[PDB]
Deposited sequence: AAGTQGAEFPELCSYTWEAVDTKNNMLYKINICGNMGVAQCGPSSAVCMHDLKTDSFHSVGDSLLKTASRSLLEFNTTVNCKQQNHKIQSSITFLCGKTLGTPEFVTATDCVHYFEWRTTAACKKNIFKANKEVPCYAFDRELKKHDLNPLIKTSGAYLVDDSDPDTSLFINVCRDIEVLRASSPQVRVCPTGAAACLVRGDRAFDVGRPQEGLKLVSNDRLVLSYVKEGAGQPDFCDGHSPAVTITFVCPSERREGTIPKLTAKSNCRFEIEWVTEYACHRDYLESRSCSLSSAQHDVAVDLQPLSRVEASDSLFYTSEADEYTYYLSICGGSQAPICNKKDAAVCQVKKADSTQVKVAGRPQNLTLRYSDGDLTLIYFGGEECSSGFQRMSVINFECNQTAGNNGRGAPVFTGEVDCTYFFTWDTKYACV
């Protein structure tokens, strides 16, 4: 009944500019009693250290893409508004803005898709705010197909895990993973046999300023011991190349795993809403702006596919005439019928990210696919000092997965 997969948790959102923290319960039976037993959206004014409800559970209004919460509290009537968009993970509600009387939020989540195919058998909140109200988000690590191989000295066994959810085994990239039990968050393969050594229960936990842990709980070798998996994610003090998660203890079906990943650091250290990252904020100086101008005759790049042609103009770059009406960072054109023009990403919706050695430029807000998923494009930039076009290089379409378009782009401007 209305996003069932989000109802058993208390979700947090913050308004950084005003130091306001929001506690959200889509089924507000809860406990945020801090605002009362009926409050669905509880606001903590950290300034005066006080709580005020800005959305009551009973005064709810629901539709496929919009949840509204009202109050009887007069305003200089206060209410909350949550715009839902289909996403490929449970996601997190993002604070958009707060007008005089209304508090707006946006939530990209698998629980808002037109098709159930995007919904995981079991997924839990995958983020947490630290003492400073900075978000540590692991959603980027969540696999929708397959899982991660854990490093261990046991050559006759493979340990597979996913993050914050079960491992999708039916379409797994690895043949081994495909032999795993359905619904398992951690799977152990031995002698062509796979065991379910841990399933998703509670959301991600933040223990140390720079440490997050995820616990999975549920076989011969267990000798009377319920299998358990505990992953500890650590934000390193210095930027380094990505590392595989490592096994630190396999004491009788009681697995301990440490994963050094910059995704465990606060998010603003990894991302920018513009085409540049700075040493001061991200410990890396990047500026892809010099790419918006290809200058010559076409300030847009083109990337050929089997059935389509992609036209890209990034960082405010000018677009091509065939898309001179859609306002698109990335524009997909059907070859058989050059009249079908789909937007695969918009310029106002850019996220430049650097984490674990990878520089990624993500454009979202594209036209929706039947699943309800706004088409989006992610560009995996690669450093190349000698890239053609004086180092600017050129994007290569590498493929599509359910309306997310992938490109690779070798360029000197992606060299840290």
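- No alpha-carbon coordinates exist for the deposited sequence positions 1-6, 83-86, 229-233, 310, given here in order along the chain.
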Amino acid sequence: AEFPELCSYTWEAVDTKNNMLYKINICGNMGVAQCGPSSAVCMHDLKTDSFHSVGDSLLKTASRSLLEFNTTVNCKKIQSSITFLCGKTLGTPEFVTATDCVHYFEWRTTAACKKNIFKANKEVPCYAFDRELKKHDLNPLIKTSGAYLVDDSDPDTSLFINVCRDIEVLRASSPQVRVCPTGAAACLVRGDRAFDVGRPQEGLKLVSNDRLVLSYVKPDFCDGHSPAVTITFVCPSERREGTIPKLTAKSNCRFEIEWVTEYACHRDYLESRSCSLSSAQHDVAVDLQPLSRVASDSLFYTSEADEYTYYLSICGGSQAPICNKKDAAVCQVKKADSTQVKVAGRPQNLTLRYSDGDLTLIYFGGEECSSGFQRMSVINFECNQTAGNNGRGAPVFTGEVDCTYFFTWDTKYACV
From here on, numbers count along this sequence of modelled residues.
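- In this entry, the higher average B-factor at the C-alpha atoms falls on 12-20, of the pair 394-402 and 12-20.
- Note on 193-201 vs 142-150: mean CA B-factor is higher in 193-201.
- If you compare the C-alpha temperature factors of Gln374, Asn70, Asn380, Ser370 in the entry, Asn70 comes out highest.
- Per the deposited record, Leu46 carries the highest C-alpha B-factor of all listed residues (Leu361, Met43, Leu46, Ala40).
- Ranked within its chain, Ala329 lands in the middle third, by CA B factor from the PDB record.
- Sorting the modelled residues of the chain by their CA temperature factor places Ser65 in the middle third.
- Ranked by C-alpha B-factor against the other modelled residues of its chain, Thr92 falls in the lowest third.
- In the PDB entry, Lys76 places in the highest third of its chain by CA B-factor.
- Among all modelled residues in this chain, the alpha-carbon of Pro125 has a temperature factor (C-alpha) in the lowest third.
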